[PDB]
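Below: query.cif (mmCIF, C-alpha atoms and all ligand atoms)
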```cif
data_run
loop_
_atom_site.group_PDB
_atom_site.id
_atom_site.type_symbol
_atom_site.label_atom_id
_atom_site.label_comp_id
_atom_site.auth_asym_id
_atom_site.auth_seq_id
_atom_site.Cartn_x
_atom_site.Cartn_y
_atom_site.Cartn_z
ATOM 1 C CA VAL A 3 86.802 99.682 119.579
ATOM 2 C CA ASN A 4 89.829 101.157 117.795
ATOM 3 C CA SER A 5 90.866 104.446 116.161
ATOM 4 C CA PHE A 6 90.609 103.749 112.401
ATOM 5 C CA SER A 7 88.180 106.037 110.537
ATOM 6 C CA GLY A 8 86.183 105.901 107.313
ATOM 7 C CA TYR A 9 87.003 102.286 106.481
ATOM 8 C CA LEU A 10 84.554 100.269 104.399
ATOM 9 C CA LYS A 11 83.706 96.944 106.030
ATOM 10 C CA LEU A 12 84.394 93.999 103.707
ATOM 11 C CA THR A 13 84.081 91.033 106.097
ATOM 12 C CA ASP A 14 83.968 90.115 109.772
ATOM 13 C CA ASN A 15 87.645 91.077 110.116
ATOM 14 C CA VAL A 16 88.790 93.031 107.014
ATOM 15 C CA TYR A 17 88.219 96.759 106.436
ATOM 16 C CA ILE A 18 89.395 98.797 103.430
ATOM 17 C CA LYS A 19 89.991 102.481 102.622
ATOM 18 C CA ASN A 20 91.390 104.559 99.745
ATOM 19 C CA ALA A 21 94.264 106.155 101.645
ATOM 20 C CA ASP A 22 98.028 106.523 101.772
ATOM 21 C CA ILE A 23 99.315 104.025 104.357
ATOM 22 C CA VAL A 24 101.912 106.582 105.516
ATOM 23 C CA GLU A 25 99.219 109.164 106.274
ATOM 24 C CA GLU A 26 97.051 106.569 108.011
ATOM 25 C CA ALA A 27 99.999 105.511 110.155
ATOM 26 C CA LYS A 28 100.875 109.060 111.230
ATOM 27 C CA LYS A 29 97.239 109.642 112.225
ATOM 28 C CA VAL A 30 96.417 106.370 114.005
ATOM 29 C CA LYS A 31 99.836 105.309 115.355
ATOM 30 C CA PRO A 32 98.746 101.657 115.151
ATOM 31 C CA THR A 33 100.377 98.901 117.129
ATOM 32 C CA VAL A 34 101.465 97.321 113.828
ATOM 33 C CA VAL A 35 101.979 98.769 110.363
ATOM 34 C CA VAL A 36 102.805 96.252 107.632
ATOM 35 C CA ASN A 37 105.562 97.022 105.144
ATOM 36 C CA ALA A 38 105.522 95.418 101.694
ATOM 37 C CA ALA A 39 109.192 94.447 101.908
ATOM 38 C CA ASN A 40 111.734 92.481 99.913
ATOM 39 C CA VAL A 41 114.033 89.824 101.371
ATOM 40 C CA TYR A 42 116.940 92.285 101.692
ATOM 41 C CA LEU A 43 114.817 94.942 103.399
ATOM 42 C CA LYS A 44 115.977 97.425 100.754
ATOM 43 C CA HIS A 45 113.218 100.009 100.997
ATOM 44 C CA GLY A 46 113.341 101.655 97.596
ATOM 45 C CA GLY A 47 109.857 102.274 96.242
ATOM 46 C CA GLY A 48 106.212 101.502 96.711
ATOM 47 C CA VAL A 49 105.046 101.085 100.287
ATOM 48 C CA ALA A 50 108.564 100.414 101.558
ATOM 49 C CA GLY A 51 110.186 103.465 100.002
ATOM 50 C CA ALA A 52 107.326 105.661 101.217
ATOM 51 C CA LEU A 53 107.343 104.324 104.795
ATOM 52 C CA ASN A 54 111.119 104.545 104.992
ATOM 53 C CA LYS A 55 111.140 108.139 103.715
ATOM 54 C CA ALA A 56 108.582 109.046 106.394
ATOM 55 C CA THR A 57 111.003 107.686 109.049
ATOM 56 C CA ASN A 58 113.823 109.900 107.730
ATOM 57 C CA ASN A 59 115.689 106.686 106.671
ATOM 58 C CA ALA A 60 115.723 105.279 110.231
ATOM 59 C CA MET A 61 113.800 102.235 108.977
ATOM 60 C CA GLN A 62 116.566 101.540 106.440
ATOM 61 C CA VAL A 63 119.353 101.964 109.026
ATOM 62 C CA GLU A 64 117.631 99.522 111.385
ATOM 63 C CA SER A 65 116.937 97.127 108.509
ATOM 64 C CA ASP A 66 120.567 97.080 107.359
ATOM 65 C CA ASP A 67 121.660 96.061 110.855
ATOM 66 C CA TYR A 68 118.962 93.355 110.885
ATOM 67 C CA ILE A 69 120.199 91.902 107.573
ATOM 68 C CA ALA A 70 123.863 92.113 108.609
ATOM 69 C CA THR A 71 123.022 89.961 111.640
ATOM 70 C CA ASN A 72 120.364 87.594 110.295
ATOM 71 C CA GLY A 73 120.653 87.453 106.517
ATOM 72 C CA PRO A 74 117.767 87.855 104.089
ATOM 73 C CA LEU A 75 114.168 86.965 104.746
ATOM 74 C CA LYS A 76 112.320 84.278 102.789
ATOM 75 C CA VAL A 77 109.710 85.134 100.180
ATOM 76 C CA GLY A 78 106.504 84.600 102.151
ATOM 77 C CA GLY A 79 108.274 85.434 105.422
ATOM 78 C CA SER A 80 108.418 88.386 107.781
ATOM 79 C CA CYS A 81 110.200 90.055 110.653
ATOM 80 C CA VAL A 82 109.082 92.488 113.358
ATOM 81 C CA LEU A 83 111.109 95.691 113.658
ATOM 82 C CA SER A 84 110.447 99.144 115.091
ATOM 83 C CA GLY A 85 107.605 101.258 113.771
ATOM 84 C CA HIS A 86 109.700 104.393 114.399
ATOM 85 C CA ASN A 87 107.486 107.508 114.279
ATOM 86 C CA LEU A 88 104.700 105.687 112.404
ATOM 87 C CA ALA A 89 103.606 102.807 114.665
ATOM 88 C CA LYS A 90 104.787 100.806 117.644
ATOM 89 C CA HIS A 91 106.034 97.999 115.375
ATOM 90 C CA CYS A 92 106.553 97.439 111.666
ATOM 91 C CA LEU A 93 105.854 93.934 110.375
ATOM 92 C CA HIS A 94 108.018 93.617 107.249
ATOM 93 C CA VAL A 95 106.243 91.025 105.074
ATOM 94 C CA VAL A 96 107.669 89.694 101.795
ATOM 95 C CA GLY A 97 104.976 88.927 99.253
ATOM 96 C CA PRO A 98 106.019 87.456 95.907
ATOM 97 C CA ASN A 99 107.127 90.035 93.323
ATOM 98 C CA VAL A 100 105.777 88.901 89.945
ATOM 99 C CA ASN A 101 108.083 91.347 88.143
ATOM 100 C CA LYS A 102 110.997 89.367 89.657
ATOM 101 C CA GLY A 103 109.518 85.994 88.666
ATOM 102 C CA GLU A 104 108.550 84.860 92.173
ATOM 103 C CA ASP A 105 105.993 82.154 92.986
ATOM 104 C CA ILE A 106 102.547 83.750 93.283
ATOM 105 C CA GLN A 107 101.425 80.756 95.374
ATOM 106 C CA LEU A 108 103.573 82.235 98.184
ATOM 107 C CA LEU A 109 101.044 85.055 98.642
ATOM 108 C CA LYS A 110 98.976 82.985 101.088
ATOM 109 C CA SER A 111 102.081 82.242 103.166
ATOM 110 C CA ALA A 112 102.863 85.971 103.214
ATOM 111 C CA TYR A 113 99.383 86.834 104.536
ATOM 112 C CA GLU A 114 99.629 84.129 107.229
ATOM 113 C CA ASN A 115 102.176 86.351 108.991
ATOM 114 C CA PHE A 116 99.338 88.782 109.749
ATOM 115 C CA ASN A 117 97.677 86.179 112.015
ATOM 116 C CA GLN A 118 100.403 86.679 114.636
ATOM 117 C CA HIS A 119 99.022 90.184 115.355
ATOM 118 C CA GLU A 120 95.565 91.038 116.651
ATOM 119 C CA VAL A 121 95.200 94.305 114.673
ATOM 120 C CA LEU A 122 97.193 95.622 111.704
ATOM 121 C CA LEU A 123 97.272 98.560 109.298
ATOM 122 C CA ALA A 124 98.426 97.054 106.010
ATOM 123 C CA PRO A 125 98.829 97.539 102.263
ATOM 124 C CA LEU A 126 97.503 95.054 99.731
ATOM 125 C CA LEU A 127 100.340 92.542 99.408
ATOM 126 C CA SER A 128 101.993 92.021 96.015
ATOM 127 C CA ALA A 129 99.905 94.779 94.392
ATOM 128 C CA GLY A 130 101.226 97.868 92.627
ATOM 129 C CA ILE A 131 104.829 97.553 91.471
ATOM 130 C CA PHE A 132 104.953 94.005 92.854
ATOM 131 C CA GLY A 133 103.023 93.021 89.728
ATOM 132 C CA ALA A 134 100.355 90.617 91.029
ATOM 133 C CA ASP A 135 96.607 90.776 90.371
ATOM 134 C CA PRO A 136 95.186 92.999 93.147
ATOM 135 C CA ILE A 137 91.712 91.424 93.004
ATOM 136 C CA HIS A 138 93.380 88.073 93.674
ATOM 137 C CA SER A 139 95.429 89.534 96.525
ATOM 138 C CA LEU A 140 92.363 90.949 98.290
ATOM 139 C CA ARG A 141 90.711 87.530 97.916
ATOM 140 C CA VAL A 142 93.726 85.769 99.440
ATOM 141 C CA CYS A 143 93.778 88.333 102.260
ATOM 142 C CA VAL A 144 90.123 87.772 103.185
ATOM 143 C CA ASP A 145 90.510 83.984 102.904
ATOM 144 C CA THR A 146 93.746 83.832 104.962
ATOM 145 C CA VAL A 147 93.855 86.581 107.590
ATOM 146 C CA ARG A 148 91.726 85.936 110.682
ATOM 147 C CA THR A 149 92.904 88.891 112.782
ATOM 148 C CA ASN A 150 91.644 92.450 112.285
ATOM 149 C CA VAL A 151 93.201 94.032 109.201
ATOM 150 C CA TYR A 152 92.722 97.613 107.988
ATOM 151 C CA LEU A 153 93.807 97.831 104.355
ATOM 152 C CA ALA A 154 95.019 101.187 103.028
ATOM 153 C CA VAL A 155 94.908 101.333 99.227
ATOM 154 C CA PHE A 156 96.799 104.251 97.694
ATOM 155 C CA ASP A 157 95.554 104.272 94.119
ATOM 156 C CA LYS A 158 92.036 105.719 93.948
ATOM 157 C CA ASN A 159 91.162 103.906 90.724
ATOM 158 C CA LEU A 160 92.457 100.663 92.231
ATOM 159 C CA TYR A 161 90.357 101.120 95.372
ATOM 160 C CA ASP A 162 87.188 101.760 93.372
ATOM 161 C CA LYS A 163 87.892 98.679 91.251
ATOM 162 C CA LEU A 164 88.559 96.497 94.308
ATOM 163 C CA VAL A 165 85.349 97.530 96.072
ATOM 164 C CA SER A 166 83.169 97.165 92.998
ATOM 165 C CA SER A 167 84.489 93.641 92.261
ATOM 166 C CA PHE A 168 84.523 92.182 95.792
ATOM 167 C CA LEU A 169 82.506 89.002 96.265
HETATM 168 O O1 LIG A 201 97.679 100.623 97.267
HETATM 169 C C1 LIG A 201 98.343 100.753 96.222
HETATM 170 O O2 LIG A 201 98.123 101.590 95.335
HETATM 171 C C2 LIG A 201 99.522 99.818 95.981
HETATM 172 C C3 LIG A 201 100.555 99.857 97.119
HETATM 173 N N1 LIG A 201 101.336 101.086 97.110
HETATM 174 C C4 LIG A 201 101.399 102.008 98.080
HETATM 175 O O3 LIG A 201 100.737 101.974 99.107
HETATM 176 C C5 LIG A 201 102.337 103.139 97.787
HETATM 177 N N2 LIG A 201 103.159 103.026 96.716
HETATM 178 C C6 LIG A 201 103.992 104.029 96.424
HETATM 179 N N3 LIG A 201 104.134 105.191 97.053
HETATM 180 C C7 LIG A 201 103.324 105.293 98.131
HETATM 181 N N4 LIG A 201 103.237 106.355 98.997
HETATM 182 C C8 LIG A 201 102.305 106.082 99.973
HETATM 183 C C9 LIG A 201 101.743 104.849 99.742
HETATM 184 C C10 LIG A 201 102.390 104.319 98.575
HETATM 185 C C11 LIG A 201 101.513 98.666 97.119
HETATM 186 C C12 LIG A 201 101.172 97.482 97.803
HETATM 187 C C13 LIG A 201 102.092 96.417 97.809
HETATM 188 C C14 LIG A 201 103.308 96.555 97.122
HETATM 189 C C15 LIG A 201 103.565 97.778 96.464
HETATM 190 N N5 LIG A 201 102.685 98.812 96.444
#
```

Step by step, read the file and then write its structure as structure tokens.
Amino acid sequence: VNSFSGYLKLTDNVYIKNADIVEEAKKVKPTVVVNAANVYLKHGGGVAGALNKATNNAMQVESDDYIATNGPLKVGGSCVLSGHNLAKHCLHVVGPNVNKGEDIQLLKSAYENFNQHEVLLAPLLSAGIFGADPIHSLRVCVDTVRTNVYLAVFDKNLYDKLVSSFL
């Protein structure tokens, strides 16, 4: 038993809600919140900009030190950093950004990072301003992640569309 509330059950291990991931994180304080990052960990907009703003820019400061030491992530890759005031840990996961011309096939690799964590609060990878088909992303999530994932979808119209089209 865990502390997530009002999530619609999609499968044996995937739950979904129409909610702001920042607000869910501040309420639940999950072990792991997933950030929809880029390879430079430049947290400008979307999930990343919103999470970082909620940490008062501490996420960005930590991320800049990470990049200075380690260099950029790979598309499809991830790193574990602090969750600051939002969670114990933040798993920064890089899904392909279609608006940058990145390989959509890399979405499955991106979701595989979730399997290293027993429970996660996450956004829908590569959706929104990342430019991929969100129905496809939810499908890849359900077909790739085996650990317990709680998906927080910001856009109300998007959430309704995702639920009504889920096979
Ligand atoms: O779920 C959605 O609608 C799409 C989702 N976006 C957000 O969660 C989001 N975007 C902007 N400002 C925000 N403030 C609080 C939440 C939030 C998303 C997923 C992957 C990549 C990019 N974007």

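Nearest-residue note for residue A:36: choosing from A:20, A:65, A:80, A:4, the minimum distance belongs to A:80, counting all atoms listed in the file.
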
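Those residues that approach stretch 93-98 of chain A to within 6 Å, counting all atoms listed in the file, are residues 36, 37, 38, 39, 40, 77, 78, 79, 80, 81, 82, 104, 106, 109, 112, 127 and 128 of chain A; same-chain residues fewer than 2 positions away are not listed.
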
query: Can you list, as a VMD selection string, the residues that the PyMOL selection byres (((chain A and resi 50) around 10) and not hetatm) selects here?
result: chain A and resid 24 36 to 40 43 to 49 51 to 56 61 to 62 94

Would you write out those residues with C-alpha atoms, as a tab-separated table (two decimals), in the frame of the given file?
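Output file result-v9.tsv is given in full below:
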```
chain	number	residue	atom	x	y	z
A	24	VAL	CA	101.91	106.58	105.52
A	36	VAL	CA	102.80	96.25	107.63
A	37	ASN	CA	105.56	97.02	105.14
A	38	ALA	CA	105.52	95.42	101.69
A	39	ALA	CA	109.19	94.45	101.91
A	40	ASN	CA	111.73	92.48	99.91
A	43	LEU	CA	114.82	94.94	103.40
A	44	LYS	CA	115.98	97.42	100.75
A	45	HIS	CA	113.22	100.01	101.00
A	46	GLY	CA	113.34	101.66	97.60
A	47	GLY	CA	109.86	102.27	96.24
A	48	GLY	CA	106.21	101.50	96.71
A	49	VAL	CA	105.05	101.08	100.29
A	51	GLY	CA	110.19	103.46	100.00
A	52	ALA	CA	107.33	105.66	101.22
A	53	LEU	CA	107.34	104.32	104.80
A	54	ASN	CA	111.12	104.54	104.99
A	55	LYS	CA	111.14	108.14	103.72
A	56	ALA	CA	108.58	109.05	106.39
A	61	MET	CA	113.80	102.24	108.98
A	62	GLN	CA	116.57	101.54	106.44
A	94	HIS	CA	108.02	93.62	107.25
```

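In terms of minimum interatomic distance to residue A:168, A:141 ranks closest within A:149, A:99, A:131, A:141, counting all atoms listed in the file.
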
task: Using all atoms listed in the file, find the one residue out of A:156, A:17, A:42, A:6 that sits nearest to ligand LIG 201 (chain A).
output: A:156

Polymer residues at most 12 Å from residue A:148, all atoms listed in the file, same-chain spacing of 2 or more positions, as a ChimeraX atom specification: /A:13-16,113-122,142-146,150-151

- request: Please provide as a list in words all residues within 9 Å of residue A:26, with the sequence filter that same-chain residues fewer than 6 positions apart are discarded (counting only C-alpha atoms).
  value: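 Contacts, with the query itself left out: residues 6, 32, 88, 123 and 154 of chain A.
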
query: Quick one, how far is atom CA of residue A:137 from atom CA of residue A:111?
result: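 So the two atoms, atom CA of residue A:137 and atom CA of residue A:111, lie 17.2 Å apart.
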
query: Nearest to ligand LIG 201 (chain A): which of A:86, A:91, A:76, A:19 is it, counting all atoms listed in the file?
result: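 Checking each candidate against ligand LIG 201 (chain A), we get A:19 as the closest.
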
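Interatomic distance, atom CA of residue A:28 against atom CA of residue A:161: 20.6 Å.
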
Give me the box for ligand LIG 201 (chain A) as lines of an AutoDock Vina configuration file, namely the centre and edge lengths in Å to one decimal of a box along x, y and z that holds every listed atom plus 5 Å on each side.
```
center_x = 100.9
center_y = 101.4
center_z = 97.7
size_x = 16.5
size_y = 19.9
size_z = 14.6
```
